[PDB]
Amino acid sequence: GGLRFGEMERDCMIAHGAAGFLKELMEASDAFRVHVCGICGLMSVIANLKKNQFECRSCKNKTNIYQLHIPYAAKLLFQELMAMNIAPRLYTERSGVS
Amino acid sequence: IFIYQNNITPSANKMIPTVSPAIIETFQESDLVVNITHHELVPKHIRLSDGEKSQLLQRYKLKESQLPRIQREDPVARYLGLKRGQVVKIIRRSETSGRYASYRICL
Amino acid sequence: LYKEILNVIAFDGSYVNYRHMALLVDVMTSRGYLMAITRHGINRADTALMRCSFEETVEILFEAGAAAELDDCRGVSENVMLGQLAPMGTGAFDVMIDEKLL
Amino acid sequence: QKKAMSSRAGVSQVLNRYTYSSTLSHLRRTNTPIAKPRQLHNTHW
Amino acid sequence: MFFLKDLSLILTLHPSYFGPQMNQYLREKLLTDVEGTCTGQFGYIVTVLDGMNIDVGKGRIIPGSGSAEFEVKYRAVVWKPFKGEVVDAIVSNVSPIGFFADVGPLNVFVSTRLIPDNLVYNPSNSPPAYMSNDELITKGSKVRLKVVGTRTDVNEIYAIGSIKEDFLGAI
Amino acid sequence: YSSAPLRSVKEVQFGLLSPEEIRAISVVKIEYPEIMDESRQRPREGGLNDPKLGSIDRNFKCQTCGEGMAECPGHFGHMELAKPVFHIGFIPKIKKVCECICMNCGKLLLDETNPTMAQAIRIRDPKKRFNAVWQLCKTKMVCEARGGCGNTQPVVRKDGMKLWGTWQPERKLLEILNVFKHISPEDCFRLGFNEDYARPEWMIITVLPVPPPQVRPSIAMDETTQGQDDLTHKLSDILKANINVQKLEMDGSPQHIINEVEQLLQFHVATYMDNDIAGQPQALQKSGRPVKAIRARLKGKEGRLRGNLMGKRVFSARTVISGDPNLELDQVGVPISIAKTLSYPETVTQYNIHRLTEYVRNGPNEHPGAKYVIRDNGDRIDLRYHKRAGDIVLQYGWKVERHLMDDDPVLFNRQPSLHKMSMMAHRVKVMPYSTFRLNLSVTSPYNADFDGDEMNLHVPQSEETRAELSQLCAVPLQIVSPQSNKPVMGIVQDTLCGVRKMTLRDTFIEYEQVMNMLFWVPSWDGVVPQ
Amino acid sequence: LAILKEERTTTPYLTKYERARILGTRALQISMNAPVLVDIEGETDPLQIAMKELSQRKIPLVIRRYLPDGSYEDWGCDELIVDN
Amino acid sequence: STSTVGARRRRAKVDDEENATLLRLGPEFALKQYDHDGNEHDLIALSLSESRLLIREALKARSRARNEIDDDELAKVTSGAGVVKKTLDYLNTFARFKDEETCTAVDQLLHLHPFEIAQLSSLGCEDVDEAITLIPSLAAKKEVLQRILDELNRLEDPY
Amino acid sequence: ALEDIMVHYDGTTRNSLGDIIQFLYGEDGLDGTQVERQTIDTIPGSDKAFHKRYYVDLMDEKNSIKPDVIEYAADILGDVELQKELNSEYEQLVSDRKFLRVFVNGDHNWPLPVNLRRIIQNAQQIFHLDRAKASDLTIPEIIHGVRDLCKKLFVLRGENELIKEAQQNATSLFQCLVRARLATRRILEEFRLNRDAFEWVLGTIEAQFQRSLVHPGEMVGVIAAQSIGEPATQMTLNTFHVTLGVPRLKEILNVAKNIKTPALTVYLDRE
Ligand SMILES: [Zn+2]
Ligand SMILES: [Zn+2]
Ligand SMILES: [Zn+2]
């Protein structure tokens with residue numbers, strides 16, 4: 001195994017203003033490349049990584065697609081929420097402004 | 001500004017907001033025996049023209065809601081007779097700088 | 001509120017600098033009254049992913065997909081949950097190469 | 001067993017064998033299902 | 001039909017190219033990635049207007065590696081055929097199933113089934129042509145066609161059309 | 001590499017799956033309730049898990065979108081329920097909604113016409129609106145005729161997983177969905193809803209979204225032994241409770257003995273998502289096992305949110321501390337063993353190529369060595385196997401994973417971590433013997449002693465990560481603690497106790513020693529004081 | 001949005017976090033085989049190289065400081081006084 | 001890629017009707033597109049020849065700061081070094097004018113929804129029965145247009 | 001409860017909503033690390049002993065700077081124009097004395113950025129000053145010089161007034177400490193500062209200060225959050241040896257409607 005970096009350890013780094021290092025939850029653990037849809041912000045996309053073919057029928061797309069880097073625990077958080085029927089849409093651009 | 005001794009009737013006061021623009025307030029007697037502002041802990045407040053206000057906001061880049069609030073039924077708020085939308089500059093002593101200047105909008 | 005908290009630290013010989021207690025005192029106070037540092041307080045302001053990371057975790061999401069909430073992702077939490085650098089000191093800004101000066 | 005976990009775990013353990021005085025101790029042990037009880041009462045003498 | 005749409009593009013740039021005349025390299029790379037592209041979404045990107053004052057804006061530095069991300073905002077001249085649209089180009093090829101025409105960066109094809117009947121496909125003629133009770137069409141000849149349908153493709157948008165209506169055909 | 005542009009989430013939109021969408025997205029018709037065995041033959045029946053969903057056994061297979069296990073996030077499938085069901089956690093709202101809307105018609109029970117309603121209707125707050133509203137409409141039960149048909153509205157109550165009411169005259173509301181569908185659009189919005197992302201009706205499920213393998217992985221005991229996840233069951237329990245239902249609605253359907261079988265599906269679907277409710281019936285799995293409901297996997301602490309996201313296990317090591325009086329304040333002796341285990345990705349550069357090509361030849365078993373070389377071609381060479389082990393001549397741009405070396409900034413800590421100082425960056429000093437050797441004066445910050453106490457160590461990985469560790473977390477920067485505007489590390493035990501003695505007027509030292517003493521001060525100017 | 005080089009209000013000094021991260025970035029930048037604008041007077045560890053690049057204020061970089069409202073203030077590493 | 005100045009939020013939900021000379025151009029070409037400076041601006045109709053100029057002009061102030069025949073040359077210098085050549089020959093073997101004025105004139109005149117104001121300019125036309133036919137979006141947007149149609153061939157630069 | 005609280009580039013302490021929790025962190029915008037327990041002289045002592053310290057009277061045989069301190073002691077005795085800048089000053093210090101009696105306790109020891117007691121002790125031996133031969137400062141040199149200083153001890157920077165007010169506001173307390181140690185009388189009779197020394201002490205107070213200011217970025221909330229909870233882990237659950245300590249803090253953070261010990265202290269009336 002690997003030693004946990006639990007909450008309290010988080011806190012401290014945040015106190016240090018050690019922004020990047022803390023961000024570095026990703027590099028030392030989860031991390032994962034998921035493919036979202038530019039429209040229904042989901043992890044649907046059928047990304048056959050070679051022939052580039054991307055798609056996401058049902059939303060019938062092959063053109064507007066994004067790739068993101070999130071902790072697999074989180075990718076899972078979402079798949080989970082969905083199977084419980086809640087929809088965690090992931091959007092790459094703020095539209096609501098402020 | 002009516003000063004009811006013990007209490008006004010529920011039939012009565014239900015006729016206050018019935019004469020705008022003008023506005024009316026109600027103060028119990030036993031609650032004005034001692035001026036509350038006079039208290040040690042009570043720091044000095046102050047009203048603000050819709051000019052001095054529309055200034056604070058520009059000067060700090062505030063969206064009104066982002067400003068510390070104060071209750072309409074707040075002891076001091078009543079004393080100076082505030083209204084929903086008015087601002088108040090508080091100026092108290094500070095063991096760190098001497099005097100700090102805070103502001104509370106009245107929700 | 002301050003005086004009382006201070007006298008609770010100070011009744012133990014320990015010393016803390018004003019600014020600290022004050023900040024707490026102030027946070028509880030500012031929204032208008034006495035917002036308690038409890039599930040029935042700060043965790044109930046206009047601050048979904050966030051509040052979801054403390055106590056009512058699931059229902060907080062349910063009634064979030066229910067009313068179709070939109071989350072800024074301005075909360076320290078959101079970003080940790082996402083795996084992105086959070087707007088925290090070091091990340092509270094951007095860094096760009098000036099071609100002109102380069 | 002059954003859909004009855006509404007029991008108590010602890011009764012019957014794995015006898016210590018680190019040292020002799022370890023084993024003795026283990027057998028002469030008492031439990032108590034859950035600031036005043038933890039106290040060393042007089043009656044305890 | 002030709003338009004002037006205000007687009008933008010993102011280019012990541014390796015730190016190597018962080019010289020004094022960088023603005024320059026982005027720009028020239030911009031061109032290598034835009035002028036000549038083709039999306040059914042935006043059509044045929046053919047030319048970037050007002051080069052000189054291209055907009056680069058400050059670019060941000062990607063965290064992992066070192067590259068900088070620039071959102072170049074320009075404006076260019078594009079062209080994307082619509083259905084029902086009417087234009088005319090030079091006939092390019094011609095078989096038994098019809099003939100293909102060329103309107104600008106495009107190639108629209110006309111079916112022997114989308115022409116006026118009395119115009120049959122010529123057998124052994126050079127170069128292979130079409131004969132009418134009076135007209136004759138071959139490579140060279142200019143035709144004015146109507147674009148019935150449009151199929152978006154790779155880095156090229158082709159379409160189809162007919163000259164069965166009126167005021168269409170040779171000129 | 002993925003050609004698709006890389007972006008970061010700047011916004012999250014919540015809502016509820018519209019049945020038509022789940023259908024759209026599904027890649028599996030999911031009709032069968034078993035797993036695979038083509039009659040004992042191992043594969044994956046086109047029935048359950050992988051009737052095109054994700055996959056097991058290290059087989060790219062997965063609808064040719066290959067990728068095999070790692071790279072392929074899961075793939076959702078669905079399942080057409082025989083009859084509409086209540087979404088276990090919304091059953092509350094589904095009910096408060098009806099309490100606010102009329103049936104047989106489907107419109108609000110208070111229009112702009114009612115004054116107290118105008119107010120509620122102006123309350124801008126998707127939640128407090130639907131709050132104030134219900135506090136009104138839960139009283140009036142006469143669909144007053146504006147809209148028409150004053151049919152008296154029933155008083156609804158909660159009994160297990162069913163909503164029933166009285167007009168008495170008691171009836172068990174099945175019907176609901178229909179009424180909701182009819183509810184007006186400006187009305188969805190009147191209550192706490194959103195016509196695009198979540199319409200009141202979708203609080204009832206028609207077609208059930210079936211989550212894929214990575215979600216409910218199977219754990220086989222080698223090959224010829226079962227091993228299936230918890231959820232991969234209450235999916236099947238549901239599936240089965242669906243099958244029988246339908247096979248009672250296309251055959252001698254004893255119309256009042258079906259409902260007795262509908263309530264079952266309503267339940268298994270309540271289960272699947274939530275299995276910790278009011279109307280007891282824990283719903284235990286053969287053995288007594290409670291059966292973790294999806295929502296159980298999330299409950300704060302241990303559960304995904306607070307257990308896997310706000311904090312995860314993470315280039316780290318931990319052992320027993322014992323202080324060393326010959327280590328600069330900021331150092332931290334690391335057991336060779338550990339340094340030979342923790343690496344550091346240093347890109348090849350014409351300043352360090354020479355040294356790196358040496359460290360690499362050195363192999364993963366010599367201390368000042370390395371253990372992995374990664375070429376531009378996103379692939380890794382294992383310095384302890386690769387037939388070209390001692391071969392390799394690097395290429396600028398390649399990265400090499402070397403053994404931690406002296407003077408590598410690293411995060412050293414001792415929890416409980418309740419200080420900014422419970423974690424500090426130290427200079428690395430590889431030393432022998434199995435223990436982290438820290439300086440005494442840096443004792444009280446972590447608050448450790450050597451009676452067995454252990455310490456966690458983390459290793460930065462980026463060029464900046466390191467810098468961030470040395471420019472703000474270096475032990476020296478920490479000497480003056482902001483919490484009490486005074487230092488927070490002094491001279492403890494022996495050094496203190498003795499420094500006292502040595503000071504007294506009675507304490508005198510002669511040349512022989514006054515010399516060996518000056519020698520021990522490293523900065524010594526090289527001048528013996530008169 | 002924007003904000004002229006004029007009417008700029010923020011500190012003319014560099015926040016510990018700014019410096020820390022600047023040196024951070026520029027450091028890995030250099031280790032990414034980037035180009036340096038000083039005299040590696042025999043130096044070889046990027047963070048050193050960058051520390052120098054700082055003292056001679058030749059690090060082409062700009063800090064876009066954000067205000068709670070959303071606007072910003074750009075400052076060059078050359079400008080920003082580096083007390084600390 | 002390369003996205004335009006029309007960033008809508010495609011939230012999950014398949015609503016792109018057919019494209020026809022019913023003046024229903026893609027959503028990316030609505031009579032109201034948005035300017036780079038964050039302003040509102042009318043689409044940009046570009047009939048042939050008029051197109052031939054915008055092009056020739058940029059390829060030139062380009063081969064400036066960079067330092068059938070008279071255009072094939074300016075190309076193999078400022079061009080990536082094929083689509084344009086074609087769009088230039090064609091746009092030059094069909095362009096209906098020559099002087100930046102003769103082109104100004106057509107526009108100072110004609111200026112209908114952008115697509116038309118252009119088609120009318122790049123397409124030869126005599127009768128209204130004809131224009132209204134090859135530009136089926138008109139029909140009721142201008143009584144039998146005939147004058148104008150003449151005024152074109154009257155300024156129809158010689159070749 | 002404070003996670004998202006961090007000083008902002010304008011010097012506002014806000015959160016993930018921009019909601020201003022404090023307009024100037026700590027009511028001064030100073031980083032606790034750079035602060036030490038100083039003693040505001042002015043406040044303590046008798047009106048008698050006060051005057052004999054900061055009072056200077058060029059129009060008086062007994063209350064004037066002996067020409068053994070200044071280098072123009074005799075050529076200065078009696079100047080009306082100077083005795084006025086000397087009034088502005090002495091009249092100030094008195095405004096202070098009465099303004100500090102903020103601390104109705106009289107306790108003159110408080111945490112304040114820039115340690116002036118030492119900063120001067122550094123001049124002390126950097127230029128080696130003798131408790132004998134006179135200084136060389138115009139009375140304008142001193143007085144005028146300390147005013148020019150106050151001008152550069154900038155915390156907030158804004159162009160307008162509301163800001164410029166905040167400036168003066170969140171500073172004051174310091175300035176008083178500043179005057180207290182830079183009154184002509186002390187600066188010449190107590191720590192014989194040369195013209196040189198003074199220009200140095202000044203320049204440093206200024207510099208030091210600017211470093212002692214808080215940095216925008218400082219994740220303030222998590223800081224104070226811990227700073228408070230930490231010295232709590234070190235207390236006993238016991239309320240022995242009024243409800244206090246551990247359980248009390250609890251009581252408070254909960255905003256309890258019925259504390260164990262309510263109690264209430266009332267003081268007599270003035271007389
Ligand atoms: Zn979609
Ligand atoms: Zn797949
Ligand atoms: Zn009705």
# chains A, B, ... in the order shown; residues from 1 in each chain; ligands from 1

$ interface_residues --of "chain B" --to "chain G" --cutoff "10 Å" --atoms "only C-alpha atoms" --output "list in words"
residues 60, 61, 62 and 63 of chain B

$ write_last_selection --atoms "C-alpha atoms" --output "mmCIF file, in the first residue's frame"
data_model
loop_
_atom_site.group_PDB
_atom_site.id
_atom_site.type_symbol
_atom_site.label_atom_id
_atom_site.label_comp_id
_atom_site.auth_asym_id
_atom_site.auth_seq_id
_atom_site.Cartn_x
_atom_site.Cartn_y
_atom_site.Cartn_z
ATOM 1 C CA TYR B 60 -14.859 47.982 -3.250
ATOM 2 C CA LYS B 61 -16.375 46.277 -6.306
ATOM 3 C CA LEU B 62 -19.270 44.846 -4.287
ATOM 4 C CA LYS B 63 -22.489 43.206 -5.459
#

$ interface_residues --of "chain G" --to "chain I" --cutoff "6 Å" --atoms "only C-alpha atoms" --output "PyMOL selection string"
chain G and resi 9-10+15+68

$ residues_near_ligand --ligand "ligand 1" --cutoff "9 Å" --atoms "only C-alpha atoms and all ligand atoms" --output "number ranges by chain"
A: 36-45, 56-61; H: 10-13

$ residues_around --residues "region 29-35 of chain G" --least-positions-apart "6" --cutoff "6 Å" --atoms "only C-alpha atoms" --output "PDB file with N, CA and C atoms, in the first residue's frame"
ATOM      1  N   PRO E  15       8.210  25.610 -25.480  1.00  0.00           N
ATOM      2  CA  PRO E  15       9.045  26.724 -24.998  1.00  0.00           C
ATOM      3  C   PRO E  15      10.201  27.119 -25.904  1.00  0.00           C
ATOM      4  N   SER E  16      10.702  26.160 -26.675  1.00  0.00           N
ATOM      5  CA  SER E  16      11.796  26.422 -27.588  1.00  0.00           C
ATOM      6  C   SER E  16      11.565  27.738 -28.318  1.00  0.00           C
ATOM      7  N   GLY E  66       5.769  22.869 -20.269  1.00  0.00           N
ATOM      8  CA  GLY E  66       6.079  24.285 -20.246  1.00  0.00           C
ATOM      9  C   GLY E  66       5.346  25.141 -21.262  1.00  0.00           C
TER      10      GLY E  66
ATOM     11  N   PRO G  46      18.004  23.619 -12.569  1.00  0.00           N
ATOM     12  CA  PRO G  46      17.020  24.616 -12.988  1.00  0.00           C
ATOM     13  C   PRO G  46      16.583  25.681 -11.975  1.00  0.00           C
TER      14      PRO G  46
END

$ interface_residues --of "chain H" --to "chain E" --cutoff "6 Å" --atoms "only C-alpha atoms" --output "PyMOL selection string"
chain H and resi 2-4+19-21+44-46+58+83-84+86-87+90

$ closest_atom_pairs --of "chain I" --to "chain C" --cutoff "7 Å" --atoms "only C-alpha atoms" --output "tab-separated table"
residue	atom	partner	partner_atom	distance
I:1	CA	C:42	CA	6.3
I:4	CA	C:76	CA	6.2
I:16	CA	C:75	CA	5.7
I:17	CA	C:47	CA	6.8
I:21	CA	C:27	CA	6.1
I:26	CA	C:19	CA	4.4
I:217	CA	C:89	CA	3.5
I:218	CA	C:89	CA	5.8
I:219	CA	C:89	CA	6.3
I:224	CA	C:20	CA	4.3
I:227	CA	C:20	CA	6.8
I:228	CA	C:20	CA	6.7
I:231	CA	C:14	CA	6.6
I:244	CA	C:8	CA	6.2
I:245	CA	C:8	CA	5.5
I:249	CA	C:5	CA	6.7
I:253	CA	C:37	CA	5.5
I:254	CA	C:36	CA	5.5
I:255	CA	C:36	CA	5.5

$ residues_near_ligand --ligand "ligand 2" --cutoff "7 Å" --atoms "only C-alpha atoms and all ligand atoms" --output "ChimeraX atom specification"
/A:46 /F:53-54,62-63,65-67,72-75

$ write_last_selection --atoms "N, CA and C atoms" --output "PDB file, in the first residue's frame"
ATOM      1  N   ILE A  46     -17.742   7.402 -26.960  1.00  0.00           N
ATOM      2  CA  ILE A  46     -17.158   6.143 -27.362  1.00  0.00           C
ATOM      3  C   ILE A  46     -15.873   6.507 -28.070  1.00  0.00           C
TER       4      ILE A  46
ATOM      5  N   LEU F  53     -21.265  -3.836 -22.738  1.00  0.00           N
ATOM      6  CA  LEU F  53     -20.706  -2.902 -21.734  1.00  0.00           C
ATOM      7  C   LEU F  53     -19.223  -3.090 -21.632  1.00  0.00           C
ATOM      8  N   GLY F  54     -18.638  -2.588 -20.547  1.00  0.00           N
ATOM      9  CA  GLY F  54     -17.204  -2.743 -20.354  1.00  0.00           C
ATOM     10  C   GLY F  54     -16.814  -4.218 -20.327  1.00  0.00           C
ATOM     11  N   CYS F  62     -14.662  -4.811 -26.164  1.00  0.00           N
ATOM     12  CA  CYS F  62     -15.476  -3.858 -25.437  1.00  0.00           C
ATOM     13  C   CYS F  62     -16.184  -3.012 -26.482  1.00  0.00           C
ATOM     14  N   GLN F  63     -16.654  -3.655 -27.544  1.00  0.00           N
ATOM     15  CA  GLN F  63     -17.305  -2.949 -28.649  1.00  0.00           C
ATOM     16  C   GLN F  63     -16.195  -2.315 -29.483  1.00  0.00           C
ATOM     17  N   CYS F  65     -13.990  -0.575 -29.089  1.00  0.00           N
ATOM     18  CA  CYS F  65     -13.453   0.653 -28.531  1.00  0.00           C
ATOM     19  C   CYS F  65     -12.373   0.177 -27.576  1.00  0.00           C
ATOM     20  N   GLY F  66     -11.750  -0.928 -27.980  1.00  0.00           N
ATOM     21  CA  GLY F  66     -10.646  -1.598 -27.306  1.00  0.00           C
ATOM     22  C   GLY F  66     -10.273  -1.051 -25.934  1.00  0.00           C
ATOM     23  N   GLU F  67      -9.026  -0.625 -25.826  1.00  0.00           N
ATOM     24  CA  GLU F  67      -8.512  -0.041 -24.607  1.00  0.00           C
ATOM     25  C   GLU F  67      -8.303  -1.023 -23.458  1.00  0.00           C
ATOM     26  N   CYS F  72     -10.508   2.381 -20.618  1.00  0.00           N
ATOM     27  CA  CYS F  72     -11.918   2.302 -20.929  1.00  0.00           C
ATOM     28  C   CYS F  72     -12.782   2.575 -19.731  1.00  0.00           C
ATOM     29  N   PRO F  73     -13.320   3.794 -19.608  1.00  0.00           N
ATOM     30  CA  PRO F  73     -14.177   4.035 -18.443  1.00  0.00           C
ATOM     31  C   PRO F  73     -15.366   3.121 -18.682  1.00  0.00           C
ATOM     32  N   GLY F  74     -16.269   2.985 -17.724  1.00  0.00           N
ATOM     33  CA  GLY F  74     -17.382   2.077 -17.954  1.00  0.00           C
ATOM     34  C   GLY F  74     -18.350   2.467 -19.063  1.00  0.00           C
ATOM     35  N   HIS F  75     -19.207   1.519 -19.444  1.00  0.00           N
ATOM     36  CA  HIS F  75     -20.224   1.770 -20.463  1.00  0.00           C
ATOM     37  C   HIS F  75     -21.602   1.394 -19.977  1.00  0.00           C
TER      38      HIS F  75
END

$ residues_near_ligand --ligand "ligand 3" --cutoff "10 Å" --atoms "only C-alpha atoms and all ligand atoms" --output "PyMOL selection string"
chain F and resi 101-109+142-145+147-153+179

$ interface_residues --of "chain C" --to "chain A" --cutoff "9 Å" --atoms "only C-alpha atoms" --output "NGL selection string"
:C and (61-62 or 64-66 or 68 or 70 or 72 or 80-91)

$ residues_around --residues "residue 49 (chain H)" --least-positions-apart "3" --cutoff "9 Å" --atoms "only C-alpha atoms" --output "MDAnalysis selection string"
chainID H and resid 46 52:54 91:92 94:98 103 122

$ residues_around --residues "region 96-107 of chain B" --least-positions-apart "3" --cutoff "9 Å" --atoms "only C-alpha atoms" --output "ChimeraX atom specification"
/B:45,64-65,67-72,77,82-93 /C:18-19,30,32 /I:22-24,26-28,99-100,102,110-112,166,169-174

$ interface_residues --of "chain C" --to "chain G" --cutoff "6 Å" --atoms "only C-alpha atoms" --output "list in words"
residues 90, 93, 94, 95, 96, 97, 98, 101 and 102 of chain C

$ closest_residue --among "G:24, G:42, G:49, G:55" --to "chain A" --atoms "only C-alpha atoms"
G:24

$ decode --residues "region 239-255 of chain I" --atoms "N, CA and C atoms" --output "PDB file, in the first residue's frame"
ATOM      1  N   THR I 239     -14.175  20.958  33.746  1.00  0.00           N
ATOM      2  CA  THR I 239     -14.567  22.352  33.966  1.00  0.00           C
ATOM      3  C   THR I 239     -14.304  22.657  35.450  1.00  0.00           C
ATOM      4  N   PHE I 240     -13.382  21.897  36.041  1.00  0.00           N
ATOM      5  CA  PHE I 240     -13.016  22.062  37.446  1.00  0.00           C
ATOM      6  C   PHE I 240     -11.776  22.953  37.563  1.00  0.00           C
ATOM      7  N   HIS I 241     -11.193  22.964  38.756  1.00  0.00           N
ATOM      8  CA  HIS I 241      -9.989  23.729  39.052  1.00  0.00           C
ATOM      9  C   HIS I 241      -9.907  25.060  38.304  1.00  0.00           C
ATOM     10  N   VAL I 242     -17.623  28.824  36.880  1.00  0.00           N
ATOM     11  CA  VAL I 242     -18.391  28.981  35.637  1.00  0.00           C
ATOM     12  C   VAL I 242     -17.915  28.034  34.509  1.00  0.00           C
ATOM     13  N   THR I 243     -18.863  27.474  33.757  1.00  0.00           N
ATOM     14  CA  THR I 243     -18.548  26.556  32.659  1.00  0.00           C
ATOM     15  C   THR I 243     -17.524  27.172  31.725  1.00  0.00           C
ATOM     16  N   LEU I 244     -16.312  26.619  31.714  1.00  0.00           N
ATOM     17  CA  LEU I 244     -15.236  27.129  30.859  1.00  0.00           C
ATOM     18  C   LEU I 244     -14.513  26.037  30.055  1.00  0.00           C
ATOM     19  N   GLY I 245     -13.319  26.366  29.562  1.00  0.00           N
ATOM     20  CA  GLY I 245     -12.530  25.414  28.796  1.00  0.00           C
ATOM     21  C   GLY I 245     -13.255  24.670  27.686  1.00  0.00           C
ATOM     22  N   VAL I 246     -12.732  23.491  27.362  1.00  0.00           N
ATOM     23  CA  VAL I 246     -13.259  22.624  26.309  1.00  0.00           C
ATOM     24  C   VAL I 246     -14.772  22.630  26.067  1.00  0.00           C
ATOM     25  N   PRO I 247     -15.563  22.208  27.066  1.00  0.00           N
ATOM     26  CA  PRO I 247     -17.020  22.180  26.895  1.00  0.00           C
ATOM     27  C   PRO I 247     -17.628  23.550  26.584  1.00  0.00           C
ATOM     28  N   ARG I 248     -17.005  24.598  27.113  1.00  0.00           N
ATOM     29  CA  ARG I 248     -17.483  25.961  26.897  1.00  0.00           C
ATOM     30  C   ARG I 248     -17.370  26.351  25.434  1.00  0.00           C
ATOM     31  N   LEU I 249     -16.173  26.192  24.879  1.00  0.00           N
ATOM     32  CA  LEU I 249     -15.924  26.519  23.484  1.00  0.00           C
ATOM     33  C   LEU I 249     -16.999  25.842  22.678  1.00  0.00           C
ATOM     34  N   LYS I 250     -17.222  24.582  23.025  1.00  0.00           N
ATOM     35  CA  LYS I 250     -18.233  23.743  22.402  1.00  0.00           C
ATOM     36  C   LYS I 250     -19.519  24.566  22.504  1.00  0.00           C
ATOM     37  N   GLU I 251     -19.975  24.724  23.739  1.00  0.00           N
ATOM     38  CA  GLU I 251     -21.168  25.490  24.053  1.00  0.00           C
ATOM     39  C   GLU I 251     -21.327  26.671  23.083  1.00  0.00           C
ATOM     40  N   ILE I 252     -20.268  27.472  22.969  1.00  0.00           N
ATOM     41  CA  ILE I 252     -20.250  28.653  22.107  1.00  0.00           C
ATOM     42  C   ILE I 252     -20.394  28.374  20.618  1.00  0.00           C
ATOM     43  N   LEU I 253     -19.486  27.578  20.067  1.00  0.00           N
ATOM     44  CA  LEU I 253     -19.529  27.280  18.644  1.00  0.00           C
ATOM     45  C   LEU I 253     -20.896  26.764  18.237  1.00  0.00           C
ATOM     46  N   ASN I 254     -21.624  26.211  19.202  1.00  0.00           N
ATOM     47  CA  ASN I 254     -22.958  25.689  18.925  1.00  0.00           C
ATOM     48  C   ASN I 254     -24.000  26.811  18.975  1.00  0.00           C
ATOM     49  N   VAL I 255     -23.630  27.959  19.551  1.00  0.00           N
ATOM     50  CA  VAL I 255     -24.567  29.079  19.726  1.00  0.00           C
ATOM     51  C   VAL I 255     -25.736  28.452  20.483  1.00  0.00           C
TER      52      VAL I 255
END
